[PDB]
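Take a look at this one chain, the form deposited in one PDB entry, written out in structure tokens.
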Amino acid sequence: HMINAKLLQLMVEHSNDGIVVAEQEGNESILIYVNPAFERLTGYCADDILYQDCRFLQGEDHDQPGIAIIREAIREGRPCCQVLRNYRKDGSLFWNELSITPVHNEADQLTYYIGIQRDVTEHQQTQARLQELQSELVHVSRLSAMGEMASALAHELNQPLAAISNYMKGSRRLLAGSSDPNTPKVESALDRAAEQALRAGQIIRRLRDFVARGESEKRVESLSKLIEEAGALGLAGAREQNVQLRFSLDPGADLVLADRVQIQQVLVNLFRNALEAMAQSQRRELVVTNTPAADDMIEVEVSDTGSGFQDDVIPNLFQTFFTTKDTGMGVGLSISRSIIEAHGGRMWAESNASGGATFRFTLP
């Protein structure tokens, strides 16, 4: 009609997408045409797999929810789109997105099917990794948050509880030189008061290390990889708010010794902090840069042109619970600073020439 059928077949033959045509034979949907893209996608030759049902690509994996959906859609004659785990000739696993359209041929009085097949292995794998990274980030966020919470309340209670015990020791000394008949009752009451104060010390340390159970070591980590992993989580919104991203990396300064989950959470917090500071900024530029620093250490810098720092803010930063945000907890930077220094580096902040914020840290 619009185009020669010979040309249309030529396009299908050379399409980069897997395209097959199948023929209904009872409970079989036997292949009657496959294009070279389908031969590459599946690793099979056309002369081998023709005139049998495509379900052989599943091989052994039959507990897939999409299989029943396809069978019902074929039984109803309606099209369908499902993702299945298929296996190529060499046995390698790929996820195959099947777009199947049942078509009825009047000339044959027979039912055919056209299937467009696309490899979504790369989509499934990066998505599955993001769910790992999302659950990993949530887990370490909750653990470290209560960790900073526990050390904060412990240190802030350290002074009043110690004062209580000091007043007990002083009162007991005053009561030592006493002959009053009620003195032993007072001394016993002061004893139990001292015990309860010490027990409060026991309690806070007990619930502190209940959320600190499970701690890690360090390993060789690629900065490129962890910057990309942290960016996938923390920088997902740059395009919608027009933040210009620049990752300036040093190939000579790419491998560091770091525990990947702690540096991930530092960068996620820095990335999110930077996006928030640039919400109302006219210039929106985020730069990440690595250089060797200290004496045979390596420094990573993340600078923004965001809302920046008032004169009083910078020295109140990296301090537990300090925040300028209505809903901020002010623990992100405090946890981050402790993490970088525990890795053998230093972490600090400064205003940049554009009125924004610059954070630096070093890693070995």
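Heads up: residue numbers just count along the shown sequence, starting at 1. Take the two forms, superpose them, and find the largest set of C-alpha atoms that agree within 1.5 Å; that set is the rigid core.
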Exercise. Report the stretch with the higher mean CA temperature factor, choosing between 46-54 and 313-321 on the basis of the entry.
Key: 313-321
Quiz item: Where do the C-alpha atoms have the higher mean temperature factor in this entry, in 88-96 or in 136-144?
Solution: 136-144
Quiz item: What's the residue among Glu23, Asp17, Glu13, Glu341 with the greatest CA temperature factor in the PDB record?
Solution: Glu341
Quiz item: When the CA B-factors of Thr101, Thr111, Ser281, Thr183 are compared as recorded in the entry, which is the largest?
Solution: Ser281
Exercise. Can you work out whether the C-alpha temperature factor of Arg360 puts it in the lowest, middle or highest third of the chain?
Key: highest
Quiz item: For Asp119, does the deposited CA B-factor place it in the lowest, middle or highest third of the chain?
Solution: lowest
Quiz item: Once the chain's modelled residues are ordered by C-alpha B factor and cut into thirds, is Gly308 in the lowest, middle or highest one?
Solution: highest
Quiz item: Going by the entry, which third of its chain does the Cα temperature factor of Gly234 land in?
Solution: middle
Quiz item: Once the chain's modelled residues are ordered by C-alpha B factor and cut into thirds, is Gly201 in the lowest, middle or highest one?
Solution: middle
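Keep in mind that the form deposited in another entry is missing from the display, and what follows is about it.
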Quiz prompt | Moved residue between the shown form and the other one - picked from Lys89, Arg129, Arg172, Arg75, where its Cα shifts 2 angstroms or more relative to the rigid core | solution = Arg172
Quiz prompt | Residue shift check between the shown form and the other one, rigid core fit, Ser188 Cα at least 2 Å | solution = yes
Quiz item: For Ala163, is the C-alpha shift between the shown form and the other one 2 Å or more after core superposition?
Solution: yes
